[PDB]
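Next comes just one chain, in structure tokens: the form deposited in one PDB entry.
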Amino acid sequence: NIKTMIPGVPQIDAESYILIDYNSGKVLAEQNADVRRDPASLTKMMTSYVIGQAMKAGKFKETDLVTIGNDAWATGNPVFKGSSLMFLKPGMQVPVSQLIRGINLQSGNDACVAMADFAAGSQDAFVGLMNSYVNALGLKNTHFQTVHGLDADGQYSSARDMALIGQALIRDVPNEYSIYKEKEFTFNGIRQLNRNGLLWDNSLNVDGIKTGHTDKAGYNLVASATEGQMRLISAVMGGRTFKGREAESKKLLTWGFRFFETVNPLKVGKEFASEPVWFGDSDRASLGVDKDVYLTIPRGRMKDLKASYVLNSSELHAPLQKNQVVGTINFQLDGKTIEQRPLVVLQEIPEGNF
């Protein structure tokens, strides 16, 4: 009963939450995780993601100077009233490094317009890109309308999608992601503190991601944390109270690390299985995966993990292409299959030539 226990999830005082394993993508806990909600400042995670995808493609550098236009003039645009700001003025020339820190650390909305026109030529075009990446990551409950998330009556996202946005940030744009852990940065003689106060929590290894609050939206946080071979990501949306912002998230992460652990049973290219092949330049095919397998399993249960496979066809016939799917690897715990991955041919086997 102890071996096969399922941990109860704690009460979370928020309208929605999810908790995923970053490597495996396993959902450990969820409530209302697809309901569409105002993402407030969590919108700047996608802003960040586009920018980081542009810098990864070499379009521009941290040291490049961005010239501030009228549209990014903090006190020239009452849409910015009450919101986090760098206090950019036109004709300023700010390094990219300083503007993307404004966005990330500070959620400065003025810095969002500066960076959108710089990377994409207009805000409208940049939002084009934001929604393109919403399509490419396969999010079913997310839509953006503005670069900052202000003035967007018809923008939305969800706990799940915002978690998946964090996974993508981490996975796809790691130099962009590694800015979120920075506790402070300085612009124009003022020091600016990162608003993610879980960074200062000495029990966990928090290094991201994004905080957010409006009266309509409540308190939002997307956090990520590590414990050696394990990274978790939580999205809490509509946090109902102040301070509970960080606390409810801390609950979820701590719980996930106490009750679960992530394992890597098999990496790309490593032979899991071997089967006879007909008509080849070799008598046998090497079978494995085309992508490292990460599984989230109850903590401590690595020793009981079993793996077996099934095959689609009675016989393999050459030519076999690289990463041709020939079957399925089953990972089992207590005699029940918990996870499945495709079985693929690791190395091409063309028809025999003599």
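If you superpose the two forms and keep the largest set of C-alpha atoms that fall within 1.5 Å, you have the rigid core. Quick note: we count residues from 1 along the sequence shown, nothing fancier.
Once you work out the mean C-alpha B-factor for both 42 to 50 and 64 to 72 from the entry, which is higher? So the stretch with the higher mean C-alpha B-factor is 64 to 72.
Mean C-alpha B-factor comparison - 139 to 147 and 258 to 266, higher one: Going by the record's values, the stretch with the higher mean is 258 to 266.
Among 216, 210, 171, 101, single out the one with the highest C-alpha B factor in the record, please. Top of the list by C-alpha B-factor: 216.
Can you pull the Cα B-factors for 121, 280, 128, 154 from the entry and say which is highest? Answer for 121, 280, 128, 154: 280, with the highest C-alpha B-factor.
Residue 313's Cα B-factor: lowest, middle or highest third of the chain? Tercile = middle for this residue's CA B-factor.
How does the C-alpha B factor of residue 201 compare with the rest of the chain: lowest, middle or highest third? Tercile = highest for this residue's CA B-factor.
How does residue 298 rank on Cα B-factor within its chain, lowest, middle or highest third? Tercile = middle for this residue's CA B-factor.
What third of the chain does residue 190 rank in for C-alpha temperature factor, lowest, middle or highest? It falls in the top third of the chain.
Against its chain's modelled residues, does residue 167's Cα B factor rank lowest, middle or highest third? Lowest third, going by the recorded CA B-factors of the chain.
Only in words, not in the display: the form deposited in another entry, which the text now covers.
Give the option from 326, 33, 28, 55 whose C-alpha shifts by 2 Å or more between the shown form and the other one; the alignment is on the rigid core. With the rigid core superposed, the residue that stands out is 326.
Fitting the rigid core first, would the Cα of residue 177 be found 2 Å or more away between the shown form and the other one? Shift of 2 Å or more: no.
Once the two forms are fit on the core, has residue 279 moved its CA by at least 2 Å between the shown form and the other one? Shift at residue 279: 2 Å or more after core fit.
Quick check on residue 12: with the core superposed, does its CA move 2 angstroms or more between the shown form and the other one? No, because once the rigid core is superposed, the C-alpha of residue 12 moves less than 2 Å between the shown form and the other one.
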